[PDB]
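> Here you go, one structure.
Quick look at the structure:
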């Protein structure tokens, strides 16, 4: 496709500043580290305890 | 150094989506709120929403509920305004803007603006302008002076740039704001008032330029009976 | 005489984001941010702004030797990576060994 | 909600003069969570006042905010030429953030009637099956102007289209250009084409016209 | 919670305070409402912002191409390349998972600490001019108008100004 | 240590409380003895349980065979393979060691925090109906039968019910 | 800080207390000066010392030669060797950076905890014999000579010895 990327995988390009990815271990470019995780969600706000 | 850098201006067909970027370049991104404000052509300012990436989730106005989403990429120091409640009256200039001195994590007022990204929602497609002359005459004269001009008709999209005698002629020129026709194309007129005597002797050429279609026309304008 | 009161408290909202902690799983927080990129565009893009060389139904051997099935391929003067398909097997149509083939492939990748 | 209406939509004043803009709110307003912006055409806003009367750094002293509750005012004490622009008021006590309609301060000046010209369509255009007649009002003030088209005395109704310039840097006058477009068919079917202009510095509507020939 | 405030002696959160993480609810004769504490919120935002940017930006990887190609007589180095690829996967996966777990735990504690401290800053100003009625609330032993309330949020509450009135009602 | 309770203002532990991590000792007219606080203990156990399971289970390795064989003319790749094996050894050793150190520290604070909060929940109930006599004990200023004791453990102690009697002995 | 004391209710530090991390300042009739709390300081020193040695000594690297040499027809393994080196580089850098950041935070909290605990330990001794005047100072409701001050620092303050005098001055001052 006539698109730009900085990190290409066999199944699609990734455009991201995030430090990790679970798309594919075999990549080309300046890429995030492959991990096996399915969720790396960092909390910033607080515990949510509505009324 | 603290500046917000908007994405390039864009033209999308009705029904589809647009995404506008806005890269901050100063300090550590994330601890300040970025607002997204929109301005239709010759219209007021409406606030769509905004985000402070870390304080909490995006907050939106009901006008755009379900049609807009705002996100942010915390590393790349960038916020994105995605709009795909697309119509033709979503055509406007889109500003991202923030407060500068703290506390600035919430949506308050705004010291610092981007330059804006103009966005035109039109099912038209690129077209060069045809250029006709507005000839002076005995009906385009009054006292010492007389008016002549160029009509820049049926072009898409904005903008056009007009100069007279390749920048030589300045005084008394009025290039009008273009208008959107029923065909979905723009037309504008450019006009000069000149001494009536200078007709015949001095030769007037308007230089039209439409970069989006790479057409550069130079039309000489002659008197008539 | 019920005196005026001032209470300290903290934000809560309608968010359903959950996060895990060392002591507790599935903790609902008012906001959170994702660290894991888990989506792609389903496309093979230009890298460094340079399009890849696509070999269609040919492999590198076939392309670089000029297998007649590869004549229709366009070859730019530069490219950022190479793409083959899993069914690309127009290679050495006359059988034999391609010496140091993988080394050549690596040399030609960009 | 909390919508803010500004009064008046336009404000005509000559330089050196006090301008006082107002901004009224549909709901009271939290202390002083009201800002004032200044937009000149083609640019993004500049922040003038925050709080309600707190002047933003950079802003010259002539600008001063005041008011509280549902009534705020922005006062400019000496209009400089730079100060002529649109001024929006904005609230921020609660989401959703809402702005005002905006007031445009324009340069007041002596009444000046337009020079009116008319341009029959070019031959070049006429070969392409449509005809555009341009009527031009040059150097008029105030901006309030009415343009009617009549062809063979018949008042055209859905096919004209105006567009006005912005106040001139030098003589701070306006200029206007409406154009009437017809099929070459209809253009050739009629003889006399006139645009009738009704301004206030024109004792009585001057109509310029031409015969097709 | 590590410090006992959030989900602790202050039982629940406030859907009515939308402008900040921590803040105040007051009721006096002239009115009632929520107000976020802007200073402590911005500080926490700054702290948490620094943390997120830290976790993201300290990873600065170089341009590499992961893939390697081996022929049928190079299986040993092919499995070596896989051992490498698999080793990194295990390392990054373990550390990314645990890192998040640990910082998420630390982040919630931090909020807990900030609320506790906010409460303590108020208790320390009021001393006995109010009664600690639990759930994070103080009941004043004197009339407290909006001016008074603001001094408390800003930390310039005048204990002696109200000390006489309070002692009367306390007795 | 961080919170001051364990080995802090409560100097030592109780070999006599065998049914839980944290708990209570009472003596009144109808008796005396230890009783574990079941809720807070179970909560901590669930927390630490989750903690142990995370450290173990977040490691999800694939089927691999570490050994590799190289002939006498492949010394360089043999040393590459050795560099691989030793780098992994160094990483895992460092990270496992530090991980354990950190979580062990975090675990001790956590228990410490829990004891502190327990004490605080009681102190907050009793107010001046009892005297804080240090070492984590409260001496009641009124008669406290078993029902009363349970209300304290239950978080439903009735301060106004006993406040008069308490004020009397307190004079 | 996490515990609210350092840069908290005790607003600033003492350049005049040079013999310890945490300690005491007193002023009475016979004088005034600083004194470090030696026990709490040594304990904290022991903790941080142990911490530093752990971060340093748990790393026990073996003898290696990183460099590898490949000829022009061994580019693939050269890139594998580089991927190894770059992979290690990325890991150690990320882990060292975060490690330092996390432990620095833990270290500052620790000091903060220690000061709070010292303050609380004194408050628990003094009880109603003094007034908490904020900023970490206690103003005694009775005369406290050098012997008295030391008992507080050593943890043997005799509450009942001074309770009467204090009660007189406390209800006198509170009118």
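Residue numbers (the authors' numbering), protein chains in the order written: chain A, 275 to 325; chain B, 1 to 52, 52A, 53 to 82, 82A to 82C, 83 to 100, 100A to 100F, 101 to 215; chain F, 8 to 55, 55A, 56 to 83, 83A, 84 to 90, 90A, 91 to 114; chain W, 1 to 32, 32A, 33 to 212; chain D, 1 to 171; chain Y, 1 to 171; chain Z, 1 to 175.
In this text, a Cβ means the ideal position worked out from N, Cα and C, and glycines have one as well.
(1) Please return the same chain residues whose Cβ sits closer than 6 Å to the Cβ of residue 103 of chain W, not counting the five positions on each side in sequence.
(2) So for residue 96 of chain Y, helix, strand or coil by DSSP?
(3) Which class does residue 163 of chain Z belong to by DSSP, given the choice of helix, strand or coil?
(4) Report the neighbours of residue 80 of chain Z on chain D: residues whose CB is nearer than 9 Å to its CB, in chain order.
(5) Taking the CB atoms as reference points, tell me whether residue 38 of chain W and residue 87 of chain W lie closer together than 9 Å.
(6) Should residue 140 of chain B be labelled buried (16 or more other beta-carbon atoms within 10 Å of its own) or exposed?
(7) Considering only residues of the same chain and omitting the five flanking positions on each side of residue 83 of chain W, which have a CB-CB separation below 7 Å?
(8) Determine, using beta carbons only, whether residue 108 of chain D comes closer than 9 Å to chain Z.
(9) Can you list the residues of chain W that residue 141 of chain B reaches, using a CB-CB cut of under 7 Å?
(10) With 9 Å as the threshold, decide whether the Cβ of residue 143 of chain D is near any Cβ in chain F.
(11) Which bits of chain Y does residue 188 of chain Z rub up against, with CB to CB less than 8 Å?
(12) Should residue 3 of chain Z and residue 2 of chain Y be called a contact, given that it needs their Cβ atoms to be closer than 9 Å?
(13) Would residue 130 of chain D be called buried (16 or more neighbouring beta carbons within 10 Å of its own) or exposed?
(14) Whose C-alpha, out of B/30, B/67, B/17 and B/29, is nearest the C-alpha of residue 47 of chain B?
(15) Please return the same chain residues whose Cβ sits closer than 8 Å to the Cβ of residue 37 of chain Y, not counting the five positions on each side in sequence.
(16) In the DSSP assignment, what are the bridge partners of residue 123 of chain B?
(17) Using a Cβ-Cβ cutoff of less than 6 Å, which residues in the same chain neighbour residue 128 of chain W once the five nearest sequence positions on both sides are dropped?
(18) So which residues of chain F does residue 136 of chain D contact, with C-beta pairs closer than 7 Å?
(19) Where do the ends of the beta strand (DSSP E) carrying residue 174 of chain W lie?
(20) Among the candidates F/43, F/90A and F/102, whose CA atom is the shortest distance from the CA of residue 61 of chain F?
(21) Return helix, strand or coil for residue 111 of chain Y, following the three-state DSSP convention.
(22) Should the stretch 65–72 of chain F be called in touch with the stretch 292–300 of chain A, which here means at least 3 C-beta pairs below 8 Å?
(23) Quick check: the stretch 76–87 of chain D against the stretch 109–118 of chain Z, are there 3 or more CB pairs under 8 Å?
(24) Look at the Cβ atom of residue 145 of chain W, then the Cβ atom of residue 206 of chain W, and state whether they are nearer than 9 Å.
(25) Please state the DSSP three-state secondary structure of residue 149 of chain Z.
(26) Along the stretch 110–125 of chain B, what residues have a CB closer than 8 Å to any CB found in chain A?
(27) Give a yes or no on contact between the stretch 300–319 of chain A and the stretch 38–45 of chain F, applying the rule of three or more CB pairs nearer than 8 Å.
(28) Among W/120, W/180 and W/29, which one has its Cα closest to the Cα of residue 3 of chain W?
(29) What's the call for residue 134 of chain B, buried or exposed, on a 16-neighbour Cβ count within 10 Å?
(30) Output the residue ranges of the alpha helix (DSSP H) runs that lie fully inside the stretch 104–129 of chain W and measure 4 residues or longer, sorted by chain position.
(31) Just mark residue 42 of chain D as buried or exposed, buried being the case when its beta carbon has 16 or more other beta carbons within 10 Å.
(32) Can you tell me the Cβ-Cβ gap for residue 71 of chain D and residue 110 of chain F, rounded? I've got them flagged as a contact below 8 Å.
(33) Under the DSSP definition of a beta bridge, which residues are partnered with residue 185 of chain B?
(34) Quick test of your reading: residue 7 of chain W and residue 22 of chain W, contact by CB under 8 Å. State the CB separation rounded to the nearest angstrom.
(35) Which residues share a DSSP beta bridge with residue 148 of chain W?
(36) Mind the definition here: the stretch 170–178 of chain B touches the stretch 21–30 of chain F only if three or more C-beta pairs lie below 8 Å; say whether that holds.
Checking against the coordinates, here is how it stands:
(1) As a first step, residue 103 of chain W must be located in the fourth chain, where it is residue number 104. Once the five neighbours on either side are set aside, the close Cβ partners of residue 103 of chain W are 10 and 85.
(2) The residue given as residue 96 of chain Y occupies position 96 in the sixth chain. In the three-state scheme derived from DSSP, where H, G and I count as helix and E and B as strand, residue 96 of chain Y is classed as helix.
(3) For the purposes of this step, residue 163 of chain Z is identified with residue 163 of the seventh chain, where counting begins at 1. Helix, per DSSP.
(4) Within the seventh chain, residue 80 of chain Z is the residue found at index 80, counting from 1. The contacting residues are 68, 77, 80, 81 and 84.
(5) Taking the fourth chain and counting its residues from 1, one reaches residue 38 of chain W at position 39. Taking the fourth chain and counting its residues from 1, one reaches residue 87 of chain W at position 88. Yes, Cβ-Cβ distance for residue 38 of chain W and residue 87 of chain W is below 9 Å.
(6) What you label residue 140 of chain B is simply residue 150 of the second chain in a count that begins at 1. Classified as buried, residue 140 of chain B has 16 or more neighbouring CB atoms from the shown chains inside 10 Å of its CB.
(7) For the purposes of this step, residue 83 of chain W is identified with residue 84 of the fourth chain, where counting begins at 1. Cβ neighbours of residue 83 of chain W beyond the five flanking positions: 104, 105 and 106.
(8) Taking the fifth chain and counting its residues from 1, one reaches residue 108 of chain D at position 108. Residue 108 of chain D does not count as touching chain Z.
(9) Taking the second chain and counting its residues from 1, one reaches residue 141 of chain B at position 151. Neighbourhood of residue 141 of chain B in chain W, by CB distance below 7 Å: 131 and 133, in chain order.
(10) Counting from one through the fifth chain, the residue named residue 143 of chain D turns up at place 143. Answer yes: the Cβ-Cβ gap between residue 143 of chain D and chain F drops below 9 Å somewhere.
(11) One cannot answer for residue 188 of chain Z here, as it falls past the ends of chain Z, which runs 1 to 175.
(12) As a first step, residue 3 of chain Z must be located in the seventh chain, where it is residue number 3. As a first step, residue 2 of chain Y must be located in the sixth chain, where it is residue number 2. Taking 9 Å as the cut-off, the Cβ atoms of residue 3 of chain Z and residue 2 of chain Y count as close.
(13) On the fifth chain, position 130 is the one that residue 130 of chain D refers to. Buried.
(14) Walking along the second chain from the start, residue 47 of chain B turns up at place 47. The shortest CA-to-CA distance from residue 47 of chain B to any of B/30, B/67, B/17 and B/29 is the one to B/67.
(15) Taking the first residue of the sixth chain as position 1, residue 37 of chain Y is located at position 37. Spatial neighbours of residue 37 of chain Y in its own chain (CB-CB distance under 8 Å, excluding positions within 5 residues in sequence) are listed in chain order as 20, 22, 23, 24, 118 and 153.
(16) Position 133 of the second chain, counted from the start, is the residue given in the question as residue 123 of chain B. In the DSSP output, where bridge partners are listed per residue, residue 123 of chain B has B/140.
(17) As a first step, residue 128 of chain W must be located in the fourth chain, where it is residue number 129. 183.
(18) Taking the fifth chain and counting its residues from 1, one reaches residue 136 of chain D at position 136. Per Cβ cutoff of 7 Å: 14, 15 and 16.
(19) The sequence position of residue 174 of chain W within the fourth chain is 175, counting from 1. Per DSSP, residue 174 of chain W is one residue of the beta strand (DSSP E) stretching across 173–182.
(20) For the purposes of this step, residue 61 of chain F is identified with residue 55 of the third chain, where counting begins at 1. With respect to the C-alpha of residue 61 of chain F, the residue from F/43, F/90A and F/102 having the closest C-alpha is F/90A.
(21) What you label residue 111 of chain Y is simply residue 111 of the sixth chain in a count that begins at 1. It is helical.
(22) Not touching, per the Cβ criterion.
(23) The answer is no - the stretch 109–118 of chain Z does not touch the stretch 76–87 of chain D, with fewer than three Cβ pairs under 8 Å.
(24) In the fourth chain, the residue the question calls residue 145 of chain W occupies position 146. In the fourth chain, the residue the question calls residue 206 of chain W occupies position 207. In this structure, residue 145 of chain W lies away from residue 206 of chain W, with their beta-carbon atoms at least 9 Å apart.
(25) Against the seventh chain, residue 149 of chain Z aligns to sequence position 149. Three-state DSSP puts residue 149 of chain Z in a helix.
(26) Within the stretch 110–125 of chain B, contact with chain A at the beta-carbon level (separation under 8 Å) is assigned to no residue.
(27) Between the stretch 300–319 of chain A and the stretch 38–45 of chain F there are three or more C-beta pairs closer than 8 Å, enough to call the two in contact.
(28) Against the fourth chain, residue 3 of chain W aligns to sequence position 3. Of W/120, W/180 and W/29, the residue nearest in Cα terms is W/29.
(29) Numbered from its first residue, the second chain carries residue 134 of chain B at position 144. Per the 10 Å Cβ criterion, exposed.
(30) Correct list: 122–125.
(31) Position 42 of the fifth chain holds residue 42 of chain D. Here residue 42 of chain D is buried. Its C-beta has 16 or more other C-beta atoms within 10 Å.
(32) Start at 1 with the first residue of the fifth chain, and residue 71 of chain D comes out as number 71. Start at 1 with the first residue of the third chain, and residue 110 of chain F comes out as number 106. So it is not a contact: roughly 12 Å between Cβ atoms.
(33) Counting from 1 along the second chain, the entry for residue 185 of chain B is found at position 195. Residue 185 of chain B is bridged to B/135.
(34) Residue numbering aside, residue 7 of chain W sits at position 7 when the fourth chain is read from its first letter. Residue numbering aside, residue 22 of chain W sits at position 22 when the fourth chain is read from its first letter. The C-beta distance from residue 7 of chain W to residue 22 of chain W rounds to 5 Å, short enough to fall under 8 Å.
(35) The count along the fourth chain starts at 1 and reaches residue 148 of chain W at position 149. Answer is W/194.
(36) The stretch 170–178 of chain B vs the stretch 21–30 of chain F: no contact.
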